[PDB]
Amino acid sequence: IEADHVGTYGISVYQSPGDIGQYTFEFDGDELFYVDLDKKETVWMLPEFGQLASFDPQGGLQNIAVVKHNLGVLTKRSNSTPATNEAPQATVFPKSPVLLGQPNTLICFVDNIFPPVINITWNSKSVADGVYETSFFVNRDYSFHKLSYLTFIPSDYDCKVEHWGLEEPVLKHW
């Protein structure tokens, strides 16, 4: 469908078992915000937008309720057919040009995610300090993509995904 802009509003995603949900807004491909369903807090991708607009997190909670509900019914309606897994693909690239002795951000882009539960990690050893994951994004084909971010001090790295539609975890080296 042709358009200048597309706002994708009120994206609700629920999955059982696990009781996992997500409520996000997007504009033109970019996440405006999500609702934190445990802190019940609207958290914006850019704090600056949170200072210029608002969204009552409760309208997210109620919508997740509906979508939990609907999920219960359709589960049964189709006689409980289960979700069919997919193989995700990762692509690692840097945010700015890389300059040793200069701080840089390294982005991992996983796509063809479905269902939306992945472990996205990373020397030959795990690393946890200073990573930001994004929320799940929406694809025209109803699989998801997600980006992870690692902050490096360029010196002289691999991105590890554990999904279900992958028999052994896939590590895309840099």
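One rule holds for the numbers: they count along the sequence shown, beginning at 1.
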Quiz prompt | Count class of deposited residues lacking coordinates, residue 122 to residue 123 | solution = 1 to 3
Quiz item: Of 109-117 and 27-35, which one has the bigger average CA B-factor?
Solution: 109-117
Practice problem: Between 140-148 and 56-64, point out the one with the higher average CA B-factor as the PDB entry records it. | Solution: 140-148
Quiz prompt | From 48, 133, 41, 129, residue of greatest CA B-factor | solution = 129
Exercise. Could you say whether, by C-alpha temperature factor, residue 13 belongs to the lowest, middle or highest third of its chain?
Key: lowest
